[PDB]
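Below: one structure, written as C-alpha cells.
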RNA sequence: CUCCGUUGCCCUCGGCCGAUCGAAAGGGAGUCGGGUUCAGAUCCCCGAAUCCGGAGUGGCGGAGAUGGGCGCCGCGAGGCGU
RNA sequence: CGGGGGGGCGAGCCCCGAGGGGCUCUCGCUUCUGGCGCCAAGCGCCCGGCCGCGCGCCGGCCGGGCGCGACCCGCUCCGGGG
Ligand SMILES: [Mg+2]
Ligand SMILES: [Mg+2]
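Chains as they are written, first to last, in the entry's author numbering: chain g, 59 to 115; chain G, 26 to 263; chain X, 38 to 156; chain A, 51 to 99.
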C-alpha cells in the first residue's frame, strides 16, 4: 500500500515477528546467521594457527 | 575473589581496515579560517625571507632578568592616572586661596610615551633610557629610532610587548618610553640598567647593522636536505 | 587542551541578547480596523437569500473582503447574540465577500432576521 | 549509465573513521562480478579489479 | 514552585550542500450515495463516512499482568507472612 | 604528513656475556565465503555524597572527574608543479 498510508496501519501489519523481520527475506536471514557463524569460527581457527605459527617460530 | 567474572576485556585494535578509529587531536589537519591561516603563515614568511637588519634588531630583545627591573623602575614614575590628575589640580585650587600657593611646584619626574615626544628629546640629548616595544604594527614608526639613539649617545633597549609597555602609561599600546630625569635615590638602579643595556645594544651596532635574520627553511625541508648529507657523508666517509 | 576532534572549524556559538528599546519605535498601537461593525457590511435580502433563510436556517451576509471564517463567526456571534454552526464564504463577482452563516439547531433564523430588520 | 559504453559498479566500502558506508562508482574492469571483493591501496594484491 | 511548564546560562551531540523559486496534466494522507435551484453543487441539505493535527491534566476501557515457589493457617474452596 | 622516538612477532647486518643490546628493514597488524564493527572496555589515579570498620587516601553502598588505552615534538592542510 502507498507509503503515506503506513502511518495509519498497525505495527503488525508492517512487519513480521523475526530477526530482521519486515526488511529481509528469511532466505537471506538464515544465510546471514550461518555466514556470521563461520566467519567468526575461521577467525578463531586462524587465531590459533597464528598462535601456533608463532609458538613454533 | 572480589572480581565479578563478567568484566572481561573487549580490547579494540585500530589497525587499517580493523575496528573503527578513535578521536585524536587534529589541530594540524584543520581547515582554519582565512584569517588564522593568514596570520600563521605571516609568521613564516617572517622566517623564510631574508630579513633586513633594521627590522631584525627588533627580534633579539631583553631578557627576564633585565626587563623585570625596568618594569619595576617605571612603576615609581607612571604618569598621573585620570582621577589622579584631578587631585593634582583640585588640591592646588584649595592650597592657592588658603595657604600661600604660588603654584610653580616641581613636577616630579615621569616617563614619556609617544614616538614624536621621545624622538624630539633624544634629538635633544635629554633622555637617560629609551625603551622600545618590538611588535609595533607599522614598523616604520620605530625602524629608525635605535640608530637615532646610538648616534646621540643615548642607551636604548628593546623590550617585549607593546601591551605591557603600554601598561605603565595607562593606555592599550605604547611603542616607546623614556626616562628624562630620575629621583636622586632611584639614581642607583637607573645607572645600573644603563651600563648593562648599552653593553648589549649601543656598543654593538656593527654587529646589528650587518646581521640578516631569515633564510631558515622549514623543518620538513631541513630534515630532507640534511638526510642527503648523511648519504653524501657516508658515501666517502666509510 | 581541548582537542579538536573534527577537522572543520565551525564558528563558535556566541551569545546574543534581546532588543531593549530606549523608545518605542512608533508611539501608539494602530487601532484595529477589522471590527465587529466593519466586518459585517449588510445582510442580503435576495429572493434566493430568503429562500435560504427559512429553509436552511442560514443568514446571507455581505462581509469585508479581508475577513476569516473565524472572524465572521465571532462577529455574527457578537452583534446579534447568536451562535453559529458553520460559516461558508464566497467572493461574488464585483468582489464583495458573501458569507452564508448556518445557525445552530436551537436557534431560528426566521426570527433573528426580523430583529436585524430583513425579511 | 547512458552516454557511456562502459558499465559502472557501485562498490561499497565502509568509512574507517565514522560509522557509515561510503559508496563509489568505479568504471568496472572486465571480469568484475557482483559480490566480488575489491581491495584498494598500496598493500593490495595484483588481480583484476 | 508538588511536579510540571517555560526561559537564562554552562557542559554534550549534530556531515552535507545550499539563500530562495520552479508542475491548476509529474510527486502529493483523506468523500461517498440520495435530494435540491431559474442559475451553484463530490461545495447547499439529509444520510453514511474519512484523514491529519491536538487530546496536556490523560476522557474511558483493554494490553504491559497478574504467576510461580516457599512458609504457615483453613475439612476444602481458600487466607496471611516471606 | 616530516622528523623523531615506543612496540614487537620477524628478517638482514653490527655488537653480544646467549641474558640481551645497537644499526637496517618490516610493520603499524584487516585476502576463501552478498556476515557483524560507532556513542570504550580494561587498567590506573583521584574527588563528592552515603554506610560500615574507625587512623581514615582501610573496606562496603551510591555518584562523579582526569591520565593510559589512542607514543613525543613541530612551521607551511595534504599531494604535484615553480
Ligand atoms: Mg503481519
Ligand atoms: Mg514551490
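Cβ coordinates follow ideal geometry from the N, Cα and C atoms, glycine included.
Inter-residue CB distance, residue 45/G and residue 69/A (contact presumed, cutoff 8 Å): Indeed they touch by this definition, with Cβ atoms about 6 Å apart.
Contacts that residue 50/G makes with chain X (C-beta to C-beta distance below 9 Å): Listed by position along chain X, the residues whose Cβ is nearer than 9 Å to that of residue 50/G are 38, 40, 41, 42.
Would you kindly report the start and end of the unbroken beta strand (DSSP E) that includes residue 202/G? Note, residue 202/G: beta strand (DSSP E), 201–204.
Taking a cut of 7 Å between CB atoms, which residues from the region 43–54 of chain X lie near chain G? The residues in question are 44, 45, 46.
Does any CB atom of chain X fall closer than 8 Å to the CB of residue 76/G? It does not: the Cβ of residue 76/G has no partner Cβ on chain X nearer than 8 Å.
Of the residues 53/G, 56/G, 104/G, the one placed nearest residue 301/G, counting alpha carbons only: Given a span of 26 to 263 for chain G in the structure shown, any question on residue 301/G remains unanswerable.
Close beta carbons around residue 204/G, own chain, < 6 Å, minus the five adjacent residues each side: Within the same chain, residue 204/G has close Cβ partners 153, 154.
Can you check DSSP and say which residues form a bridge with residue 58/A? Answer is 77/A.
Would the C-beta of residue 59/g count as close to ligand 1, meaning under 7 Å from any of its heavy atoms? The answer is no for residue 59/g.
For residue 63/g, is the beta carbon positioned less than 7 Å from some heavy atom of ligand 1? Result no, Cβ not under 7 Å from ligand 1.
Helix, strand or coil: which one does DSSP assign to residue 149/G? DSSP, read as helix, strand or coil, puts residue 149/G in coil.
Looking at the secondary structure, which residues open and close the alpha helix (DSSP H) in which residue 95/g lies? 87–114 is the extent of the alpha helix (DSSP H) around residue 95/g.
For residue 54/G and chain X, any beta-carbon pair shorter than 8 Å? With its beta carbon less than 8 Å from one in chain X, residue 54/G belongs to the interface.
Taking C-beta to C-beta, are residue 195/G and residue 78/G nearer than 8 Å? Inclusion of residue 195/G and residue 78/G in the CB contact set at 8 Å is not warranted, their separation being larger than that value.
Verify the contact flag: residue 88/X, CB atom, against every heavy atom of ligand 1, threshold strictly below 7 Å. No, the Cβ of residue 88/X stays beyond 7 Å of every heavy atom of ligand 1.
I want to check one thing, is the minimum distance from the CB of residue 26/g to the heavy atoms of ligand 1 below 7 Å? Chain g is shown only over 59 to 115; residue 26/g falls outside these bounds and no answer can be derived.
Would you say residue 10/G faces chain A, with C-beta separation under 8 Å as the test? Nothing can be reported for residue 10/G: it is not among the residues displayed for chain G, which extend from 26 to 263.
Does the beta carbon of residue 74/g fall short of 7 Å from some heavy atom of ligand 1? Residue 74/g: yes, Cβ under 7 Å from ligand 1.
Given this structure, state the Cα-to-Cα distance separating residue 171/G from residue 140/G, to the nearest angstrom. A straight-line Cα-Cα distance of about 12 Å links residue 171/G and residue 140/G.
How is residue 59/G classed by DSSP in three states: helix, strand or coil? Three-state DSSP puts residue 59/G in coil, outside helix and strand.
What residues match up with residue 186/X in a beta bridge as DSSP calls it? A query on residue 186/X cannot be resolved here, the shown segment of chain X reaching from 38 to 156 and no further.
Run through chain G and tell me which residues come within less than 7 Å of residue 87/A, C-beta to C-beta. The CB of residue 87/A never comes closer than 7 Å to any CB in chain G; the least such distance is about 12 Å.
Hey, residue 181/G and residue 189/G are a contact pair by Cβ (cut 8 Å); roughly how many whole angstroms apart? Contact between residue 181/G and residue 189/G does not hold, since their C-beta atoms are separated by about 18 Å, which reaches or exceeds 8 Å.
Rounded to the nearest angstrom, what separates residue 61/X and residue 73/A at their Cα positions? Their backbone Cα atoms lie some 58 Å apart in a straight line.
Closer than 8 Å at the beta carbon, the chain A residues around residue 46/G: Correct list: 66, 67.
Taking 8 Å as the threshold, find out whether the region 87–98 of chain X comes into contact with the region 132–148 of chain X through three or more Cβ pairs. In short, these stretches touch, since the Cβ pair count reaches three.
Where DSSP assigns a beta bridge to residue 80/X, which residues make up the other side? 98/X, per the DSSP bridge assignment.
Proximal chain X residues relative to residue 57/G, where beta-carbon distance stays under 9 Å: Against chain X, a Cβ distance below 9 Å from residue 57/G picks out 46.
Specify the secondary structure class of residue 156/G as computed by DSSP and reduced to three states. Taken through DSSP and simplified to helix, strand or coil, residue 156/G comes out as strand.
CB of residue 98/G within 8 Å of CB of residue 214/G, strictly: Their beta carbons are under 8 Å apart, which means residue 98/G touches residue 214/G by this criterion.
Measure the alpha-carbon distance for residue 48/G versus residue 40/G and round it to whole angstroms. Those two C-alpha atoms are separated by around 14 Å.
Excluding the 5 residues flanking residue 125/X on each side, which residues of the same chain have their C-beta closer than 6 Å to its C-beta? 137.
Which of the three DSSP states, helix, strand or coil, is assigned to residue 81/G? Helix at residue 81/G.
Answer yes if the region 69–89 of chain G comes into contact with the region 232–249 of chain G, meaning at least three C-beta pairs across the two stretches below 8 Å, and no otherwise. As far as the Cβ criterion goes, the region 232–249 of chain G touches the region 69–89 of chain G, which means the pair count is three or higher.
Does the separation of the CB atoms of residue 44/X and residue 111/G fall below 8 Å? When the beta-carbon positions are compared, residue 44/X and residue 111/G stay at least 8 Å from each other.
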